[PDB]
Amino acid sequence: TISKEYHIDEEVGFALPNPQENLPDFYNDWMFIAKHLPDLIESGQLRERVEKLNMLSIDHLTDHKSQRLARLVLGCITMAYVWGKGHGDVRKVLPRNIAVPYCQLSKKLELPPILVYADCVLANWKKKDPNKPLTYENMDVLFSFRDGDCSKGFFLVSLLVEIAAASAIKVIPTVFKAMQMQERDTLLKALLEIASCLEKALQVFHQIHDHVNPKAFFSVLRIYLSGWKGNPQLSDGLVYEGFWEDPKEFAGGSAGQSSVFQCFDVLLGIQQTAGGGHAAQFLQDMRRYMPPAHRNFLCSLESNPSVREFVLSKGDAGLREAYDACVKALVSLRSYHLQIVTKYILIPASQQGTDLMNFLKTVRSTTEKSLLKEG
Ligand code: HEM
Ligand SMILES: O[C@H](c1cccc2cncn12)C1CCCCC1
């Protein structure tokens, strides 16, 4: 069994199990703004409502779930405040009334004061009926940015892939125990169960077409998830008034911050983070935007003996085929994902991307080159 200190759930994996939907009454002013971003932004009332807030203390957020919900509320408000209507009129100073509690809560959770994948995907969900299974029809997001932005489809389909991966994550300890105990048959069975689970996760990706449309995703959702790191619109970063004197740069919400495929890259010895390349530097940097428990899970997998080295040292075709079935399942997920990116980003950008495609192609290439046979 995976240690409880890694915050990995048997059912939902890296996702936050049963996230909190409501904050204590003390934070009603935060919740009102966050729940009505589409309306407040469109009417030009968002920035005024934010500037009218009183500085609320974070001491009444007494557990992980309420703190995670609060991080999500303040992060969505910060994106709406900075980007406004998403047309270029930006704010370069985040008011102290929100910047101070946001940075305090971020320091406590060891995350940067910007919306990350763990907020907008991992904690941004609920079951409609708690007695029904984790299916799209029985689920919803907690917050969106604009009407018709497809954030429910995008965040929920990412979450459903994250949940499909949970059945593979839970087999990780069986793999390491079989290697330590020198139990070849147990290792082969575990590698095939991981491959089977990752193969099932591919079908989950097909749901993206039913719930997201390219125009809205490209022109709207992409704008609100942007950060202020290497961004010409906020060339020096954002001023977090009352917390830091100088403006600070933070990258926008990204699945590069996700642990879902990354723990399988680490498990299988696919060295995505090796070297000084752009792709490797970006994946390493994005670990800082990942929850500490999850960052710790990855580095502890890196400390464990190599599964690839063990499989290569045995002269066993069945073991190599089971290992390659896991690598191939990752290649298939990344190849399908590249087709999604062509439809949702490449084509809309052409009707007005290269670096995004190159990063994804490098990660997919590194995965494919790890196959022991399929060449
Ligand atoms: C509308 C659909 C989607 C689009 C347009 C899209 C786009 C992108 C882009 C452009 C990146 C590169 C990193 C960045 O620019 O921030 C990325 C990375 C990534 N995405 Fe998505 N994505 C989509 C759906 C999904 C879903 C549903 C998942 C499921 C969890 C997912 C998982 C990943 C992962 C794991 C990465 C990191 C790179 C890798 O490990 O291969 N994506 N995505
Ligand atoms: O990398 C980002 C991201 C955020 C959240 C989930 C997710 C799934 N795949 C990519 N994801 C962004 C989102 C906006 C467009 C460019 C990529």
# chains A, B, ... in the order shown; residues from 1 in each chain; ligands from 1

$ residues_near_ligand --ligand "ligand 2" --cutoff "9 Å" --atoms "only C-alpha atoms and all ligand atoms" --output "ChimeraX atom specification"
/A:116-118,120-121,154-155,157-159,217-218,221-226,252-258,337,341,344-345,356

$ residues_around --residues "range 87-98 of chain A" --least-positions-apart "3" --cutoff "10 Å" --atoms "only C-alpha atoms" --output "number ranges by chain"
A: 30, 47, 50-57, 74-75, 77-84, 101-103, 219-220, 223, 228, 233-243, 247

$ write_last_selection --atoms "C-alpha atoms" --output "PDB file, in the first residue's frame"
ATOM      1  CA  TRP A  30     -14.925  35.575  -1.314  1.00  0.00           C
ATOM      2  CA  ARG A  47     -12.451  44.559 -10.055  1.00  0.00           C
ATOM      3  CA  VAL A  50     -12.507  42.751  -5.305  1.00  0.00           C
ATOM      4  CA  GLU A  51     -11.252  46.216  -4.306  1.00  0.00           C
ATOM      5  CA  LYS A  52     -14.259  46.531  -1.904  1.00  0.00           C
ATOM      6  CA  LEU A  53     -13.234  43.382   0.083  1.00  0.00           C
ATOM      7  CA  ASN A  54     -11.936  43.620   3.640  1.00  0.00           C
ATOM      8  CA  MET A  55      -8.746  41.648   4.424  1.00  0.00           C
ATOM      9  CA  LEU A  56     -10.020  38.337   5.805  1.00  0.00           C
ATOM     10  CA  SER A  57      -7.840  36.232   8.100  1.00  0.00           C
ATOM     11  CA  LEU A  74      -8.691  33.089  -4.441  1.00  0.00           C
ATOM     12  CA  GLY A  75      -6.836  31.691  -7.477  1.00  0.00           C
ATOM     13  CA  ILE A  77     -10.544  35.515  -8.380  1.00  0.00           C
ATOM     14  CA  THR A  78      -6.871  36.451  -9.045  1.00  0.00           C
ATOM     15  CA  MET A  79      -7.034  35.243 -12.704  1.00  0.00           C
ATOM     16  CA  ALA A  80     -10.307  37.168 -13.222  1.00  0.00           C
ATOM     17  CA  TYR A  81      -8.802  40.284 -11.587  1.00  0.00           C
ATOM     18  CA  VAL A  82      -5.530  40.215 -13.567  1.00  0.00           C
ATOM     19  CA  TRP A  83      -7.065  39.365 -16.945  1.00  0.00           C
ATOM     20  CA  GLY A  84     -10.436  41.154 -16.624  1.00  0.00           C
ATOM     21  CA  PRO A 101      -4.575  36.005   2.574  1.00  0.00           C
ATOM     22  CA  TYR A 102      -3.807  34.325  -0.793  1.00  0.00           C
ATOM     23  CA  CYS A 103      -0.014  34.380  -0.225  1.00  0.00           C
ATOM     24  CA  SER A 219     -10.098  32.328 -27.266  1.00  0.00           C
ATOM     25  CA  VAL A 220     -11.431  32.196 -23.675  1.00  0.00           C
ATOM     26  CA  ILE A 223      -6.531  33.381 -21.663  1.00  0.00           C
ATOM     27  CA  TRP A 228       2.914  36.031 -15.562  1.00  0.00           C
ATOM     28  CA  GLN A 233       1.614  41.606 -20.790  1.00  0.00           C
ATOM     29  CA  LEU A 234       3.122  41.480 -17.237  1.00  0.00           C
ATOM     30  CA  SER A 235       6.862  41.577 -18.121  1.00  0.00           C
ATOM     31  CA  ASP A 236       7.964  41.883 -14.451  1.00  0.00           C
ATOM     32  CA  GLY A 237       5.354  39.686 -12.784  1.00  0.00           C
ATOM     33  CA  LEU A 238       2.472  40.605 -10.495  1.00  0.00           C
ATOM     34  CA  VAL A 239       2.698  42.783  -7.398  1.00  0.00           C
ATOM     35  CA  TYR A 240       1.298  40.875  -4.450  1.00  0.00           C
ATOM     36  CA  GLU A 241       0.517  44.063  -2.446  1.00  0.00           C
ATOM     37  CA  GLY A 242       1.291  43.857   1.239  1.00  0.00           C
ATOM     38  CA  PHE A 243       3.181  40.525   0.945  1.00  0.00           C
ATOM     39  CA  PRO A 247       6.618  41.955  -8.558  1.00  0.00           C
TER      40      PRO A 247
END

$ closest_residue --among "A:296, A:231, A:67, A:43" --to "residue 107 in chain A" --atoms "only C-alpha atoms"
A:67

$ closest_residue --among "A:45, A:259, A:272, A:203" --to "residue 288 in chain A" --atoms "only C-alpha atoms"
A:259

$ residues_around --residues "residue 325 in chain A" --least-positions-apart "3" --cutoff "7 Å" --atoms "only C-alpha atoms" --output "PyMOL selection string"
chain A and resi 192+195+321-322+328-329

$ select_by_dssp --residues "range 31-161 of chain A" --states "strand (DSSP E or B)" --output "number ranges by chain"
A: 93-94, 126-127, 139-140

$ atom_distance --atom1 "atom 24 (C, counted along the ligand's line) of ligand 1" --atom2 "CA of residue 208 in chain A"
7.3 Å

$ residues_around --residues "residue 123 in chain A" --least-positions-apart "2" --cutoff "8 Å" --atoms "only C-alpha atoms" --output "list in words"
residues 15, 16, 19, 68, 69, 72, 118, 119, 120, 121 and 125 of chain A

$ write_last_selection --atoms "C-alpha atoms" --output "PDB file, in the first residue's frame"
ATOM      1  CA  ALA A  15      -7.298  14.092  -7.206  1.00  0.00           C
ATOM      2  CA  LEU A  16      -8.508  15.610  -3.912  1.00  0.00           C
ATOM      3  CA  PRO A  19     -13.473  18.352  -2.172  1.00  0.00           C
ATOM      4  CA  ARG A  68      -7.618  23.832  -0.787  1.00  0.00           C
ATOM      5  CA  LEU A  69     -11.117  25.269  -1.493  1.00  0.00           C
ATOM      6  CA  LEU A  72      -9.175  27.593  -5.573  1.00  0.00           C
ATOM      7  CA  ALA A 118      -4.063  20.884  -8.452  1.00  0.00           C
ATOM      8  CA  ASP A 119      -6.556  23.768  -7.783  1.00  0.00           C
ATOM      9  CA  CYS A 120      -8.471  24.066 -11.124  1.00  0.00           C
ATOM     10  CA  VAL A 121      -8.601  20.280 -11.812  1.00  0.00           C
ATOM     11  CA  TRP A 125     -15.077  19.125  -8.500  1.00  0.00           C
TER      12      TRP A 125
END

$ atom_distance --atom1 "CA of residue 193 in chain A" --atom2 "CA of residue 168 in chain A"
7.1 Å

$ closest_residue --among "A:177, A:314, A:36, A:215" --to "residue 346 in chain A" --atoms "only C-alpha atoms"
A:215

$ atom_distance --atom1 "CA of residue 292 in chain A" --atom2 "CA of residue 327 in chain A"
26.4 Å

$ closest_residue --among "A:303, A:273, A:186, A:144" --to "ligand 1" --atoms "only C-alpha atoms and all ligand atoms"
A:273

$ decode --residues "range 27-70 of chain A" --atoms "C-alpha atoms" --output "short mmCIF file (atom, residue, chain, number, x, y, z; two decimals), in the first residue's frame"
data_model
loop_
_atom_site.label_atom_id
_atom_site.label_comp_id
_atom_site.auth_asym_id
_atom_site.auth_seq_id
_atom_site.Cartn_x
_atom_site.Cartn_y
_atom_site.Cartn_z
CA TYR A 27 -15.66 33.97 3.80
CA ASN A 28 -19.09 34.60 2.12
CA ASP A 29 -17.66 37.71 0.35
CA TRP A 30 -14.92 35.58 -1.31
CA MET A 31 -17.43 32.87 -2.31
CA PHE A 32 -19.87 35.35 -3.83
CA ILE A 33 -17.19 36.80 -6.17
CA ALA A 34 -15.75 33.36 -7.14
CA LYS A 35 -19.19 31.84 -7.81
CA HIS A 36 -20.13 34.77 -10.11
CA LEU A 37 -16.99 35.41 -12.15
CA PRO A 38 -18.83 35.02 -15.50
CA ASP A 39 -21.42 37.67 -14.51
CA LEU A 40 -19.08 40.06 -12.66
CA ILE A 41 -16.45 40.07 -15.39
CA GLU A 42 -18.98 40.62 -18.18
CA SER A 43 -20.69 43.51 -16.37
CA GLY A 44 -17.34 45.20 -15.51
CA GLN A 45 -18.05 44.83 -11.75
CA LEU A 46 -15.38 42.23 -10.89
CA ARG A 47 -12.45 44.56 -10.05
CA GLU A 48 -14.64 46.94 -7.97
CA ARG A 49 -16.09 43.98 -5.91
CA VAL A 50 -12.51 42.75 -5.31
CA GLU A 51 -11.25 46.22 -4.31
CA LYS A 52 -14.26 46.53 -1.90
CA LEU A 53 -13.23 43.38 0.08
CA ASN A 54 -11.94 43.62 3.64
CA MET A 55 -8.75 41.65 4.42
CA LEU A 56 -10.02 38.34 5.81
CA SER A 57 -7.84 36.23 8.10
CA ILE A 58 -7.02 32.67 6.95
CA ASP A 59 -7.10 31.27 10.55
CA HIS A 60 -10.71 30.05 10.13
CA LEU A 61 -9.60 27.54 7.37
CA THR A 62 -8.61 24.79 9.81
CA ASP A 63 -8.12 21.70 7.61
CA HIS A 64 -6.61 20.74 4.22
CA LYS A 65 -9.92 20.65 2.32
CA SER A 66 -11.11 24.11 3.44
CA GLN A 67 -7.60 25.49 2.68
CA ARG A 68 -7.62 23.83 -0.79
CA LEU A 69 -11.12 25.27 -1.49
CA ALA A 70 -9.91 28.70 -0.39
#
